[PDB]
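Single chain ahead, written as structure tokens, the form deposited in one PDB entry.
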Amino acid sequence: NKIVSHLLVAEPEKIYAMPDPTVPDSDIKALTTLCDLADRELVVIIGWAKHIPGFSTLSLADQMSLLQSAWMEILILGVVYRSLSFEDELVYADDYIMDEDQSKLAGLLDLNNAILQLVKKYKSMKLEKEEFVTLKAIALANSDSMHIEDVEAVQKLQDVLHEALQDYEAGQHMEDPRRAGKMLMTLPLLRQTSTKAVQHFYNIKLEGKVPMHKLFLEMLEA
């Protein structure tokens, strides 16, 4: 499938978390580091989305609405995929892999465990990079924003991305005629974990103890 191959080459380069070596470890350092990483990823995600067929033709508003509703799912799918060959560890970046203890002192035990639940299921399904990038695009198009202007156009985008997944699976996984649907059935857990993550960091935002940059702040306040 061409769309899949296109998404593959449009995949952005890895990013480093770069936790400050002079700062003492604490929940504030972890959260600050993670949100800092996320801010930089959002910049790249925005650029990445321009490569998705038909995305740049939507109105700026609709493009923004889709992103404001899907940003967390995209960010989470990323750490999920990066962590597939690991055990009980989340690879936020090559230089930032969180084990159970780290999640604990960062107050992210329940959230990271949900992310690990996502990882568990994808490991069992043997999620391929081709499927990961297509799911990321589908997640963006199917984000369910409450403010979409051109419903049909967004539906059209969802349809083209779904067709790519179906096409890919029909030609690459003939042994399982229902693999495309299984992939789609993983989206609910992604959506569920993201809704909680957004609520969690929104609260962290209110507490005011963790500095956050412009873009991250913009998505979170959406």
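All residue numbers are counted from 1 along the displayed sequence. For clarity, a rigid core is taken as the largest C-alpha set superposing within 1.5 Å between two forms.
Undergrad: Just give me the stretch that moves more in 9 other deposited structures of this protein: 12-20 or 197-205, judged by RMS C-alpha distance after a core fit.
TA: Between the two stretches, 12-20 moves farther in 9 other deposited structures of this protein.
Undergrad: If you average the CA temperature factors as listed in the entry, which stretch comes out higher, 104-112 or 71-79?
TA: The deposited B-factors put 104-112 ahead on the C-alpha mean.
Undergrad: If you average the CA temperature factors over each stretch, which comes out higher, 10-18 or 200-208?
TA: Averaged over C-alpha atoms, the B-factors run higher in 200-208.
Undergrad: Could you check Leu58, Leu42, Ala170, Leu189 and tell me which one carries the biggest Cα B-factor in the deposited entry?
TA: Most elevated C-alpha B-factor of the set, per the entry: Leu58.
Undergrad: What's the residue among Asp150, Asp144, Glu128, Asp94 with the greatest CA temperature factor in the PDB record?
TA: Within the set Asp150, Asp144, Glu128, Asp94, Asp150 shows the top C-alpha B-factor.
Undergrad: Please say which third, lowest, middle or highest, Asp62 falls into when its CA temperature factor is compared across its chain.
TA: It belongs to the highest third of the chain when residues are ordered by C-alpha B-factor.
Undergrad: When the deposited Cα B-factors of this chain's modelled residues are ordered and cut into thirds, is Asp27 in the lowest, the middle or the highest one?
TA: Highest third, going by the recorded CA B-factors of the chain.
Heads up, the form solved in complex with a partner chain isn't pictured, but that's what we're talking about next.
Undergrad: My question is simply whether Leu215 lines the interface with its partner chain in the entry with it bound - judged by any non-hydrogen atom within 4.5 Å.
TA: So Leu215 counts as contacting its partner chain.
Undergrad: At the 4.5 Å heavy atom threshold, is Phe55 in contact with its partner chain in the entry with it bound?
TA: Yes, contact at 4.5 Å.
Undergrad: Check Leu7 for me: does it contact its partner chain in the entry with it bound (non-hydrogen atoms, 4.5 angstroms)?
TA: Outside the cut-off, so no.
Undergrad: Is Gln63 one of the residues lying within 4.5 Å of its partner chain in the entry with it bound, judged by heavy atom distances?
TA: Because a heavy atom of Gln63 falls inside 4.5 Å of its partner chain in the entry with it bound, the answer is yes.
Undergrad: Have a look at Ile46, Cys35, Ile28, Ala153 for me and say which one sits with a heavy atom within 4.5 Å of its partner chain in the entry with it bound.
TA: Partner contact (heavy atom, 4.5 Å) among the options: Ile46.
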